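Novice: Encoded as structure tokens, here's the structure I'll be asking about.
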4 protein chains.
Amino acid sequence: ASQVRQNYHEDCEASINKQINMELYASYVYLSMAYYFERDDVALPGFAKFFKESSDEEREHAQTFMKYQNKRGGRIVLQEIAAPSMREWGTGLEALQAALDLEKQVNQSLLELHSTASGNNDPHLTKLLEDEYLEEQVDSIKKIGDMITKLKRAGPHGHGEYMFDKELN
Amino acid sequence: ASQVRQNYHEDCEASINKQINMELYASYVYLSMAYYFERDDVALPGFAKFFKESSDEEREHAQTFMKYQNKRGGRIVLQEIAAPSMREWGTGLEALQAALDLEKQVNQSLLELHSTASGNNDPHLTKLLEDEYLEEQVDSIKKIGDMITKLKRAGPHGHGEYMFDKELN
Amino acid sequence: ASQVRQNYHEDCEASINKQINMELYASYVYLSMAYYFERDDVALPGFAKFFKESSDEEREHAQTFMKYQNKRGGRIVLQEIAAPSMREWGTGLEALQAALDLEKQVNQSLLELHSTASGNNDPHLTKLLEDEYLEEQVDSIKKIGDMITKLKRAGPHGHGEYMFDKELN
Amino acid sequence: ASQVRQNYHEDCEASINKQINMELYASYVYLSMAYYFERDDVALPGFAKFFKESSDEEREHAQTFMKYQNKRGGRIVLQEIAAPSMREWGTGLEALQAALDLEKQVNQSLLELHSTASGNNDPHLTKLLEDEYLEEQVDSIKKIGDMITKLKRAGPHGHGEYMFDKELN
Ligand SMILES: [Fe+3]
Ligand SMILES: [Fe+3]
Ligand SMILES: [Fe+3]
Ligand SMILES: [Fe+3]
Ligand SMILES: [Fe+3]
Ligand SMILES: [Fe+3]
Ligand SMILES: [Fe+3]
Ligand SMILES: [Fe+3]
Ligand code: NI
Ligand code: NI
Ligand code: NI
Ligand code: NI
């Protein structure tokens, strides 16, 4: 085995590889959304900026897990990254609703990975998930929830969507 | 009695203790409102900021009376602080209407305390009420009145409430 | 339910509302102590400063839980804040002994809330309690213990209390 | 009469002349105390500084009334300034107790002058007394009360008086 590996269970190693793929998928969904909102017939630069930054964050989440895998002596296995579920995302509100669903699926996966770590008595891994991932996720879900509520108040279509979009820009 | 006490009547001492409780109550009502407006299903950061600052001010009003009580040789008696009348405050307009009512009840209490001070010929206390409390109160009532009028013009629901909220932020 | 709520159990939600009330109560006890030590017949400005700052901290503890409740999609329920147990706190040593007891009751409550979170497998909440509350509490108990020992050495009455009070100022 | 005099009653004019004399007397008492505490067999520089500054303040109080008399068109009548009641003031505590008594006699006189102004419906004069004199007096009485309590805790004789004196220095 790896000269560094200690108290690192093969189920946790595999779970992190799966989570790496899921973070990359989320990054690619947000990339899709970002450029969707730069179409000449959509033209919502605030939403475009928001989802470009979210896409960058999700890739950084994947890279931190990849670093973590090496840190513990596990081995990174990269799998294909699925095409995003949609090619066109609808309104700003529909994109945020899609993002909220995705963030909660990722949160579900992170909490399941915490349970795996915890059942294998790996406090280094539960600590990683708590400090680096679980709060970022809860904060992100609250933020997107806030945005959905604000957009519904502002608009959520037409004039109000235009003005809300400037808030994000 | 206190070595410092001079021309300080027991009815004024008791009236200030009651006013201390009322200021703290107002601070707690505004604290309630502040975090109500940070709910993911409310999300009005301008209102939240406005009522957080108002809550801080009301606690400062209470502390200034507590300092005053000691300054005159009276003795602070702290009583329980009632729960705020509501747990959920409705729209921004409804919260401002509630604040306006509360500010006028506090103003009524301050004017009654001025009458007590005046009937007991305590010019140090009437001067305190005039310089430190009565104008802050009249200015606050005018401000909240202005905000209600502006919000009714802007909205007061939906799109206009969203845009008015940015004014406060 | 809240659009943001995920893995947030109703017993944890209720426990946080109770803890919010308890933090506010502790803030109000310390407010009482702070101004007690500014009485013309007490006049211990070091103790007064110490308990004013402690009162501010406890309100900040309450506000952080209120923010946390919203962050997770729970709903803040505010209850009446009990009057402090005493109106007059005795010597500086007696106030510190009272503070030590209160800090340990709060610590007990925080540890019980950690057990609730842990039994409901809420690692986001156990992480909150560990990083934001449990160390602040242990550090505060050590500090107050140190102060009690120092005051007993310095005095704890009369001349030594006067000189110890300058340490705090 | 004076070309400027308006709504200025002769009883208020005379009362201010008497108060001018009383402020000067208080300044001279404090001058006495100040240099008493610089005797080679007393040597309390903190008390000496405190009473020098108090003596300066009391002369400034007299000069402000003299300015006020001219401002209203009254005429300053200066009378002899009595010798201080003592030549030797005892301990620091005894001097503070003497100062507290004197400050309260001055406060009594100021409140009587406010009643005179008020009975003659002179709001310019009641406002002068409130803003320029009555709070300075209440603050001074609280300060001296605090000092007496602190000195009694610190000492009030011997070692503790020596150490308390450094607080004032
Ligand atoms: Fe992620
Ligand atoms: Fe995020
Ligand atoms: Fe107030
Ligand atoms: Fe106000
Ligand atoms: Fe606390
Ligand atoms: Fe603490
Ligand atoms: Fe004076
Ligand atoms: Fe003075
Ligand atoms: Ni659609
Ligand atoms: Ni309603
Ligand atoms: Ni006792
Ligand atoms: Ni003597």
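Labels for the structure tokens follow display order: chains A, B, ..., residues from 1 in each chain, ligands from 1.
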So which residues touch residue A:36 within 10 Å, counting only C-alpha atoms, skipping near sequence neighbours fewer than 5 positions away, as a VMD selection string?

Specialist: chain A and resid 30 to 31 41 to 44 47 to 48 51 87 to 90

Novice: Excluding residue A:15 and residues on its chain fewer than 4 positions from it, collect all residues at most 9 Å away from it, counting only C-alpha atoms, and give them as a ChimeraX atom specification.

Specialist: /A:10-11,19-20,113,116

Novice: Residues of chain D were defined as contacting chain C if any atom lay at most 6 Å from it, counting only C-alpha atoms; please report them as a PyMOL selection string.

Specialist: chain D and resi 145-146+149+153-154

Novice: Write as a list in words the residues around ligand 5, taking 7 Å as the cut-off and counting only C-alpha atoms and all ligand atoms.

Specialist: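 Selection of residues at most 7 Å from ligand 5: residues 23, 26, 57, 58, 61 and 106 of chain C.
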
Novice: Considering only helix (DSSP H, G or I) as DSSP defines it on the backbone, what residues of chain B qualify? List them as a PyMOL selection string.

Specialist: chain B and resi 10-36+45-71+92-119+123-154+158-168

Novice: Write a file of the selected residues as a CSV table (one decimal), in the first residue's frame, keeping C-alpha atoms.

Specialist:
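Now in again-v3.csv:
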chain,number,residue,atom,x,y,z
B,10,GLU,CA,-38.7,58.1,44.5
B,11,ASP,CA,-41.5,58.3,41.9
B,12,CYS,CA,-38.9,59.5,39.3
B,13,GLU,CA,-36.6,56.6,40.4
B,14,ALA,CA,-39.4,54.1,39.9
B,15,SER,CA,-40.5,55.6,36.6
B,16,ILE,CA,-37.0,55.3,35.2
B,17,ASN,CA,-36.8,51.6,36.1
B,18,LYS,CA,-40.1,51.0,34.3
B,19,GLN,CA,-38.8,53.0,31.3
B,20,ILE,CA,-35.6,50.9,31.3
B,21,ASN,CA,-37.7,47.8,30.9
B,22,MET,CA,-39.7,49.3,28.1
B,23,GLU,CA,-36.6,50.3,26.1
B,24,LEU,CA,-35.3,46.7,26.5
B,25,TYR,CA,-38.6,45.4,25.3
B,26,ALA,CA,-38.4,47.7,22.2
B,27,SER,CA,-34.9,46.5,21.6
B,28,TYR,CA,-36.1,42.9,21.7
B,29,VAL,CA,-39.0,43.5,19.3
B,30,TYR,CA,-36.6,45.0,16.8
B,31,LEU,CA,-34.2,42.1,17.3
B,32,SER,CA,-37.1,39.8,16.4
B,33,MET,CA,-37.9,41.8,13.3
B,34,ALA,CA,-34.3,41.9,12.2
B,35,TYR,CA,-33.9,38.2,12.0
B,36,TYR,CA,-37.4,37.7,10.7
B,45,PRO,CA,-31.7,42.6,3.9
B,46,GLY,CA,-32.4,46.4,3.9
B,47,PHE,CA,-35.2,45.9,6.5
B,48,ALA,CA,-33.1,43.4,8.4
B,49,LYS,CA,-30.2,46.0,8.7
B,50,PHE,CA,-32.7,48.8,9.6
B,51,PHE,CA,-34.2,46.8,12.5
B,52,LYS,CA,-30.8,45.4,13.7
B,53,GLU,CA,-29.6,49.0,14.0
B,54,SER,CA,-32.8,50.0,15.7
B,55,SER,CA,-32.5,47.2,18.2
B,56,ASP,CA,-28.9,48.3,19.0
B,57,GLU,CA,-30.2,51.9,19.6
B,58,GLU,CA,-32.9,50.8,21.9
B,59,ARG,CA,-30.5,48.8,24.1
B,60,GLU,CA,-28.3,51.9,24.2
B,61,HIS,CA,-31.4,53.9,25.3
B,62,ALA,CA,-31.8,51.5,28.2
B,63,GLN,CA,-28.2,51.6,29.2
B,64,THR,CA,-28.2,55.4,29.2
B,65,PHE,CA,-31.2,55.3,31.7
B,66,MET,CA,-29.3,52.7,33.8
B,67,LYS,CA,-26.3,55.0,33.9
B,68,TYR,CA,-28.6,57.9,34.8
B,69,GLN,CA,-30.2,56.0,37.6
B,70,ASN,CA,-26.7,55.4,39.2
B,71,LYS,CA,-25.7,59.0,38.4
B,92,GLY,CA,-42.0,45.3,5.3
B,93,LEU,CA,-44.9,47.7,5.5
B,94,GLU,CA,-46.6,45.8,8.4
B,95,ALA,CA,-43.3,45.8,10.3
B,96,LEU,CA,-42.9,49.6,9.8
B,97,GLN,CA,-46.5,50.2,10.9
B,98,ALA,CA,-45.8,48.1,14.0
B,99,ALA,CA,-42.6,50.0,14.6
B,100,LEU,CA,-44.4,53.3,14.3
B,101,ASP,CA,-47.0,52.2,16.9
B,102,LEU,CA,-44.2,51.1,19.2
B,103,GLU,CA,-42.2,54.3,18.8
B,104,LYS,CA,-45.3,56.3,19.7
B,105,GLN,CA,-46.0,54.2,22.8
B,106,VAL,CA,-42.5,54.8,23.9
B,107,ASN,CA,-42.8,58.5,23.1
B,108,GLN,CA,-46.0,58.6,25.2
B,109,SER,CA,-44.1,56.9,28.1
B,110,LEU,CA,-41.2,59.4,27.8
B,111,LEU,CA,-43.6,62.4,27.8
B,112,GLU,CA,-45.3,60.9,30.9
B,113,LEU,CA,-42.0,60.6,32.6
B,114,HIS,CA,-41.2,64.2,31.7
B,115,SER,CA,-44.5,65.2,33.4
B,116,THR,CA,-43.5,63.3,36.5
B,117,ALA,CA,-40.1,64.9,36.6
B,118,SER,CA,-41.6,68.3,36.0
B,119,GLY,CA,-44.2,67.9,38.7
B,123,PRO,CA,-34.8,70.1,36.1
B,124,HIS,CA,-31.9,67.7,35.7
B,125,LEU,CA,-34.3,64.9,34.7
B,126,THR,CA,-36.4,67.0,32.4
B,127,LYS,CA,-33.2,68.1,30.7
B,128,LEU,CA,-32.1,64.5,30.3
B,129,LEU,CA,-35.5,63.6,28.7
B,130,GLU,CA,-35.4,66.6,26.4
B,131,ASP,CA,-31.8,66.4,25.2
B,132,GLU,CA,-31.3,62.6,25.1
B,133,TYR,CA,-34.7,61.1,24.5
B,134,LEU,CA,-37.5,63.3,23.3
B,135,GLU,CA,-35.7,64.5,20.1
B,136,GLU,CA,-34.4,61.1,19.2
B,137,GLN,CA,-38.0,59.9,19.5
B,138,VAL,CA,-39.5,62.6,17.4
B,139,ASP,CA,-36.8,62.2,14.7
B,140,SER,CA,-37.4,58.4,14.7
B,141,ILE,CA,-41.1,58.8,14.3
B,142,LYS,CA,-40.7,61.2,11.4
B,143,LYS,CA,-38.2,58.9,9.8
B,144,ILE,CA,-40.5,55.8,10.1
B,145,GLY,CA,-43.4,57.9,8.8
B,146,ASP,CA,-41.3,59.0,5.8
B,147,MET,CA,-40.4,55.3,5.1
B,148,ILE,CA,-44.0,54.2,5.3
B,149,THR,CA,-45.0,56.9,2.8
B,150,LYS,CA,-42.0,56.0,0.5
B,151,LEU,CA,-42.8,52.3,0.7
B,152,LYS,CA,-46.5,52.9,-0.2
B,153,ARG,CA,-45.3,54.9,-3.2
B,154,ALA,CA,-42.7,52.4,-4.2
B,158,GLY,CA,-43.7,42.7,-4.6
B,159,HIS,CA,-41.4,44.6,-7.1
B,160,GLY,CA,-41.7,47.9,-5.3
B,161,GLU,CA,-40.9,46.4,-1.9
B,162,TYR,CA,-37.9,44.7,-3.4
B,163,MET,CA,-36.7,48.0,-4.9
B,164,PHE,CA,-37.4,50.0,-1.7
B,165,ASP,CA,-35.5,47.4,0.3
B,166,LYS,CA,-32.3,48.4,-1.6
B,167,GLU,CA,-32.8,52.0,-0.4
B,168,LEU,CA,-32.4,50.7,3.1

Novice: Quick one: distance from atom 1 (Ni, counted along the ligand's line) of ligand 11 to atom CA of residue B:81 in Å, one decimal?

Specialist: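 Distance between the two atoms: 26.5 Å.
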
Novice: Calculate how many Å separate atom CA of residue A:1 from atom CA of residue A:72, rounding to one decimal.

Specialist: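 Straight-line distance from atom CA of residue A:1 to atom CA of residue A:72 works out to 11.2 Å.
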